[PDB]
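Have a look at target_19.json; it's JSON, C-alpha atoms:
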[["chain", "number", "residue", "atom", "x", "y", "z"],
["D", 5, "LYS", "CA", -9.64, -4.57, -0.92],
["D", 6, "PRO", "CA", -6.36, -3.75, -2.72],
["D", 7, "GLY", "CA", -4.97, -3.29, 0.81],
["D", 8, "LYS", "CA", -5.38, -6.98, 1.86],
["D", 9, "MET", "CA", -2.02, -7.98, 0.35],
["D", 10, "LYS", "CA", -0.73, -11.49, 0.91],
["D", 11, "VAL", "CA", 2.63, -13.12, 0.26],
["D", 12, "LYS", "CA", 3.29, -16.52, -1.25],
["D", 13, "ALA", "CA", 6.75, -18.04, -1.72],
["D", 14, "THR", "CA", 7.09, -18.74, -5.51],
["D", 15, "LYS", "CA", 9.59, -19.56, -8.25],
["D", 16, "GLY", "CA", 10.36, -17.09, -11.05],
["D", 17, "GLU", "CA", 11.78, -17.91, -14.51],
["D", 18, "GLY", "CA", 13.79, -15.99, -17.07],
["D", 19, "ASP", "CA", 15.43, -16.68, -20.41],
["D", 20, "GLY", "CA", 17.82, -19.60, -20.77],
["D", 21, "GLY", "CA", 16.09, -21.58, -18.06],
["D", 22, "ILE", "CA", 17.35, -19.36, -15.19],
["D", 23, "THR", "CA", 15.16, -19.44, -12.06],
["D", 24, "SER", "CA", 14.73, -17.63, -8.73],
["D", 25, "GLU", "CA", 13.05, -18.15, -5.39],
["D", 26, "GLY", "CA", 11.05, -15.27, -4.16],
["D", 27, "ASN", "CA", 7.69, -14.04, -2.97],
["D", 28, "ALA", "CA", 4.62, -13.16, -4.99],
["D", 29, "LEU", "CA", 2.62, -10.32, -3.53],
["D", 30, "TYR", "CA", -1.04, -10.88, -4.32],
["D", 31, "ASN", "CA", -4.60, -9.98, -3.40],
["D", 32, "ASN", "CA", -7.82, -11.99, -3.32],
["D", 33, "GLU", "CA", -10.01, -9.52, -5.17],
["D", 34, "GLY", "CA", -13.29, -11.38, -4.84],
["D", 35, "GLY", "CA", -12.35, -15.06, -4.62],
["D", 36, "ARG", "CA", -9.55, -15.20, -7.20],
["D", 37, "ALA", "CA", -5.82, -14.75, -6.36],
["D", 38, "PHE", "CA", -4.52, -11.81, -8.41],
["D", 39, "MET", "CA", -0.72, -11.58, -8.44],
["D", 40, "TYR", "CA", 0.55, -7.97, -8.29],
["D", 41, "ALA", "CA", 4.27, -8.33, -8.04],
["D", 42, "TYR", "CA", 7.20, -10.64, -7.57],
["D", 43, "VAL", "CA", 10.19, -9.94, -5.27],
["D", 44, "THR", "CA", 13.51, -11.78, -5.49],
["D", 45, "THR", "CA", 17.28, -11.42, -5.04],
["D", 46, "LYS", "CA", 17.86, -12.12, -8.70],
["D", 47, "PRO", "CA", 17.81, -9.95, -11.87],
["D", 48, "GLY", "CA", 16.62, -11.22, -15.29],
["D", 49, "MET", "CA", 13.26, -12.70, -14.34],
["D", 50, "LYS", "CA", 10.51, -12.64, -16.99],
["D", 51, "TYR", "CA", 7.58, -14.62, -15.67],
["D", 52, "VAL", "CA", 5.98, -16.56, -12.90],
["D", 53, "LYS", "CA", 3.68, -19.58, -13.36],
["D", 54, "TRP", "CA", 0.77, -18.53, -11.14],
["D", 55, "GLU", "CA", -1.69, -21.15, -9.90],
["D", 56, "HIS", "CA", -5.49, -20.87, -9.96],
["D", 57, "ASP", "CA", -7.75, -23.96, -9.65],
["D", 58, "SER", "CA", -8.98, -23.29, -13.18],
["D", 59, "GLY", "CA", -5.35, -23.72, -14.07],
["D", 60, "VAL", "CA", -1.97, -22.12, -14.24],
["D", 61, "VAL", "CA", -1.42, -18.73, -15.84],
["D", 62, "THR", "CA", 2.00, -17.45, -16.87],
["D", 63, "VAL", "CA", 2.17, -14.01, -15.54],
["D", 64, "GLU", "CA", 4.60, -11.75, -17.38],
["D", 65, "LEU", "CA", 6.84, -9.38, -15.42],
["D", 66, "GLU", "CA", 7.93, -5.82, -16.11],
["D", 67, "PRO", "CA", 11.62, -4.91, -15.89],
["D", 68, "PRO", "CA", 12.47, -4.85, -12.18],
["D", 69, "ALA", "CA", 13.05, -1.96, -9.90],
["D", 70, "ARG", "CA", 15.80, -2.35, -7.34],
["D", 71, "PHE", "CA", 14.94, -1.59, -3.71],
["D", 72, "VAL", "CA", 16.49, -1.73, -0.30],
["D", 73, "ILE", "CA", 15.67, -3.90, 2.62],
["D", 74, "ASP", "CA", 17.14, -3.89, 6.15],
["D", 75, "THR", "CA", 19.14, -7.01, 7.25],
["D", 76, "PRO", "CA", 21.29, -8.08, 10.29],
["D", 77, "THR", "CA", 24.39, -6.92, 8.39],
["D", 78, "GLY", "CA", 22.92, -3.83, 6.81],
["D", 79, "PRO", "CA", 21.02, -2.87, 3.68],
["D", 80, "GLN", "CA", 20.62, -5.31, 0.81],
["D", 81, "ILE", "CA", 19.14, -4.87, -2.62],
["D", 82, "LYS", "CA", 16.21, -6.88, -3.91],
["D", 83, "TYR", "CA", 14.36, -6.70, -7.19],
["D", 84, "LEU", "CA", 10.66, -5.82, -7.41],
["D", 85, "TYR", "CA", 8.90, -6.94, -10.57],
["D", 86, "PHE", "CA", 5.46, -5.61, -11.20],
["D", 87, "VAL", "CA", 3.15, -7.73, -13.29],
["D", 88, "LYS", "CA", 2.62, -6.29, -16.79],
["D", 89, "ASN", "CA", -0.23, -3.82, -17.08],
["D", 90, "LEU", "CA", -0.78, -3.45, -13.30],
["D", 91, "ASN", "CA", -2.70, -0.20, -12.63],
["D", 92, "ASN", "CA", -1.45, 2.63, -10.42],
["D", 93, "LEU", "CA", -3.75, 1.76, -7.51],
["D", 94, "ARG", "CA", -2.39, -1.77, -7.33],
["D", 95, "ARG", "CA", 1.21, -0.66, -7.83],
["D", 96, "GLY", "CA", 0.77, 1.77, -4.94],
["D", 97, "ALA", "CA", -0.62, -1.04, -2.75],
["D", 98, "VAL", "CA", 2.54, -3.07, -3.45],
["D", 99, "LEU", "CA", 4.82, -0.10, -2.55],
["D", 100, "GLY", "CA", 2.87, 0.70, 0.62],
["D", 101, "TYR", "CA", 2.92, -2.94, 1.74],
["D", 102, "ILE", "CA", 6.64, -3.12, 1.07],
["D", 103, "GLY", "CA", 7.38, 0.23, 2.77],
["D", 104, "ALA", "CA", 5.53, -0.88, 5.89],
["D", 105, "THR", "CA", 7.06, -4.35, 6.05],
["D", 106, "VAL", "CA", 10.77, -4.19, 4.96],
["R", 3, "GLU", "CA", 11.10, 3.40, -6.05],
["R", 4, "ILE", "CA", 9.33, 2.83, -2.73],
["R", 5, "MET", "CA", 9.56, 6.56, -1.79],
["R", 6, "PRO", "CA", 5.93, 7.53, -2.65],
["R", 7, "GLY", "CA", 4.72, 4.45, -0.73],
["R", 8, "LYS", "CA", 6.79, 5.27, 2.39],
["R", 9, "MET", "CA", 4.47, 6.32, 5.20],
["R", 10, "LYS", "CA", 4.34, 7.66, 8.72],
["R", 11, "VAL", "CA", 1.50, 8.14, 11.13],
["R", 12, "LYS", "CA", 0.62, 11.13, 13.24],
["R", 13, "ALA", "CA", -2.18, 11.47, 15.74],
["R", 14, "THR", "CA", -4.46, 14.31, 14.64],
["R", 15, "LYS", "CA", -7.97, 15.78, 14.73],
["R", 16, "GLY", "CA", -10.76, 15.96, 12.15],
["R", 17, "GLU", "CA", -13.88, 18.08, 11.66],
["R", 18, "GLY", "CA", -17.07, 17.89, 9.61],
["R", 19, "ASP", "CA", -19.47, 20.67, 8.68],
["R", 20, "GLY", "CA", -22.03, 20.64, 11.48],
["R", 21, "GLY", "CA", -19.72, 20.62, 14.51],
["R", 22, "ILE", "CA", -18.67, 17.01, 13.97],
["R", 23, "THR", "CA", -15.19, 16.29, 15.50],
["R", 24, "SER", "CA", -12.88, 13.22, 15.63],
["R", 25, "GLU", "CA", -9.48, 11.98, 16.71],
["R", 26, "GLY", "CA", -7.55, 9.72, 14.42],
["R", 27, "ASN", "CA", -4.39, 9.15, 12.51],
["R", 28, "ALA", "CA", -3.04, 11.09, 9.58],
["R", 29, "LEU", "CA", -0.96, 8.96, 7.21],
["R", 30, "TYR", "CA", 1.66, 11.13, 5.58],
["R", 31, "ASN", "CA", 4.91, 10.99, 3.74],
["R", 32, "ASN", "CA", 7.79, 13.28, 4.48],
["R", 33, "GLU", "CA", 9.84, 11.66, 1.72],
["R", 34, "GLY", "CA", 12.21, 14.59, 1.21],
["R", 35, "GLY", "CA", 11.41, 18.29, 1.57],
["R", 36, "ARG", "CA", 8.00, 18.51, 3.27],
["R", 37, "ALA", "CA", 5.23, 16.59, 5.06],
["R", 38, "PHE", "CA", 2.53, 15.54, 2.66],
["R", 39, "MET", "CA", -0.62, 14.08, 4.28],
["R", 40, "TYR", "CA", -2.22, 11.33, 2.18],
["R", 41, "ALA", "CA", -5.16, 10.17, 4.34],
["R", 42, "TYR", "CA", -6.93, 10.23, 7.68],
["R", 43, "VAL", "CA", -8.31, 7.28, 9.55],
["R", 44, "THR", "CA", -10.84, 7.60, 12.29],
["R", 45, "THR", "CA", -13.88, 5.84, 13.90],
["R", 46, "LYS", "CA", -16.50, 8.44, 12.77],
["R", 47, "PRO", "CA", -18.26, 9.31, 9.45],
["R", 48, "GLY", "CA", -18.94, 12.84, 8.17],
["R", 49, "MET", "CA", -15.41, 14.29, 8.47],
["R", 50, "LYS", "CA", -14.56, 16.88, 5.85],
["R", 51, "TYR", "CA", -11.30, 18.41, 7.08],
["R", 52, "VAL", "CA", -8.27, 17.59, 9.17],
["R", 53, "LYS", "CA", -6.34, 20.12, 11.25],
["R", 54, "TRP", "CA", -2.72, 19.47, 10.09],
["R", 55, "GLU", "CA", 0.06, 21.15, 11.93],
["R", 56, "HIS", "CA", 2.88, 22.55, 9.79],
["R", 57, "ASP", "CA", 5.08, 25.05, 10.44],
["R", 58, "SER", "CA", 4.67, 26.20, 13.62],
["R", 59, "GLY", "CA", 1.15, 26.33, 12.10],
["R", 60, "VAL", "CA", -2.25, 24.66, 11.56],
["R", 61, "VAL", "CA", -3.30, 23.82, 7.97],
["R", 62, "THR", "CA", -6.90, 22.75, 7.16],
["R", 63, "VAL", "CA", -6.68, 19.68, 4.83],
["R", 64, "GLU", "CA", -9.77, 18.73, 2.81],
["R", 65, "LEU", "CA", -10.96, 15.09, 2.64],
["R", 66, "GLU", "CA", -12.78, 12.89, 0.13],
["R", 67, "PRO", "CA", -15.90, 10.96, 1.34],
["R", 68, "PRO", "CA", -14.73, 8.01, 3.45],
["R", 69, "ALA", "CA", -14.47, 4.27, 2.72],
["R", 70, "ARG", "CA", -15.47, 2.03, 5.66],
["R", 71, "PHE", "CA", -13.20, -0.86, 6.65],
["R", 72, "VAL", "CA", -13.02, -3.08, 9.71],
["R", 73, "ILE", "CA", -10.27, -4.02, 12.07],
["R", 74, "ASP", "CA", -9.94, -6.62, 14.79],
["R", 75, "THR", "CA", -9.63, -5.22, 18.32],
["R", 76, "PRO", "CA", -9.52, -6.85, 21.78],
["R", 77, "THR", "CA", -13.31, -6.36, 22.10],
["R", 78, "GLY", "CA", -14.11, -7.53, 18.60],
["R", 79, "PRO", "CA", -14.42, -5.97, 15.13],
["R", 80, "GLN", "CA", -14.38, -2.14, 14.86],
["R", 81, "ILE", "CA", -15.54, -0.08, 11.88],
["R", 82, "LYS", "CA", -12.96, 2.49, 10.71],
["R", 83, "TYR", "CA", -13.36, 5.27, 8.12],
["R", 84, "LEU", "CA", -10.57, 5.95, 5.66],
["R", 85, "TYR", "CA", -10.60, 9.47, 4.18],
["R", 86, "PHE", "CA", -8.21, 10.26, 1.36],
["R", 87, "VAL", "CA", -7.09, 13.86, 1.05],
["R", 88, "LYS", "CA", -8.80, 15.62, -1.79],
["R", 89, "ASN", "CA", -7.55, 14.57, -5.21],
["R", 90, "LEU", "CA", -4.90, 12.17, -3.94],
["R", 91, "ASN", "CA", -3.59, 10.31, -6.96],
["R", 92, "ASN", "CA", -4.16, 6.58, -7.45],
["R", 93, "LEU", "CA", -0.54, 5.57, -6.76],
["R", 94, "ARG", "CA", -0.71, 7.29, -3.36],
["R", 95, "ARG", "CA", -4.18, 5.99, -2.52],
["R", 96, "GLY", "CA", -2.80, 2.51, -3.26],
["R", 97, "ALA", "CA", 0.16, 3.17, -1.02],
["R", 98, "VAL", "CA", -2.21, 4.09, 1.81],
["R", 99, "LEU", "CA", -4.20, 0.84, 1.31],
["R", 100, "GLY", "CA", -0.99, -1.28, 1.19],
["R", 101, "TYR", "CA", 0.33, 0.35, 4.37],
["R", 102, "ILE", "CA", -2.92, -0.19, 6.22],
["R", 103, "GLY", "CA", -3.10, -3.81, 5.01],
["R", 104, "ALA", "CA", 0.48, -4.44, 6.22],
["R", 105, "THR", "CA", 0.05, -2.90, 9.66],
["R", 106, "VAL", "CA", -3.61, -3.33, 10.67],
["R", 107, "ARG", "CA", -5.42, -6.62, 11.40],
["R", 108, "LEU", "CA", -8.16, -6.25, 8.75]]
What does the file become when written as structure tokens?
Amino acid sequence: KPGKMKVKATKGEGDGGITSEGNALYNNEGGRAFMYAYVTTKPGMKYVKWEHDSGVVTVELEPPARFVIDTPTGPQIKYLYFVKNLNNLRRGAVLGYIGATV
Amino acid sequence: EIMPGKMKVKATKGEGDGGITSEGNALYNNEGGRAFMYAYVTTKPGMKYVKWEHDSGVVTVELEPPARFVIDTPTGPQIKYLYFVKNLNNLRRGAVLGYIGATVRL
């Protein structure tokens, strides 16, 4: 199941009211959307407000890792923010999904 | 760092104890220095080993008991068997699952 990774466009927030657009990478482990990571162009993000029907959770982000994607004009850097306390299995699923897609 | 999640596929052959044989894909990383097989995917249960070429050579790579998963095909769903190599760490197992999820129609 960790393999069935899905992407949802979502806003990120950081100190001082700064914001980003980006994608949450997430998995429906048994009928509840579990965010694993957030990817964006922008540094300094701290959290994402993540929607469940039961209500919104603010998901805290680790310090980001920088990574490379391919573009029409060459490599560009994006930031990958794992959710706090994500385990190694789920981190690996994020990296594998990214490696296969970007 | 996406390096440990980076993955390539190579067509290869598996074996189980009692003469069992299979064809399938090895998922491996050759991140920088050597080829490191992470997993083997095939259509058959009961595989125990994969015959991994390296050098020129053939290496026998031991497998964990498989997880079954299902893919869409032109003729409908097909059961596949995912065998991690023995003692693959959780980060790398996760990388295998993420890569399969990204590339296969599950």
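Look at residue 25 (chain R): the protein and nucleic acid residues within 7 Å of it, using all atoms listed in the file and passing over chain neighbours fewer than 5 places away, are residues 14, 15, 16 and 44 of chain R.
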Within 8 Å of region 48-55 of chain R, counting all atoms listed in the file, which residues qualify if same-chain residues fewer than 5 places away don't, as a VMD selection string? chain R and resid 14 to 19 22 to 24 42 60 to 68
Gap from CA of residue 70 (chain R) to CA of residue 83 (chain R) - Å, one decimal: 4.6 Å
Hey, list the chain R side of the contact with chain D: 7 Å cut-off, all atoms listed in the file, answer as a ChimeraX atom specification. /R:3-4,7-8,92-105
So that I can check the surroundings of residue 42 (chain D), please list as a ChimeraX atom specification every protein, DNA and RNA residue that reaches within 7 Å of it, counting only C-alpha atoms and ignoring chain neighbours fewer than 6 positions away. /D:26-29,84-86
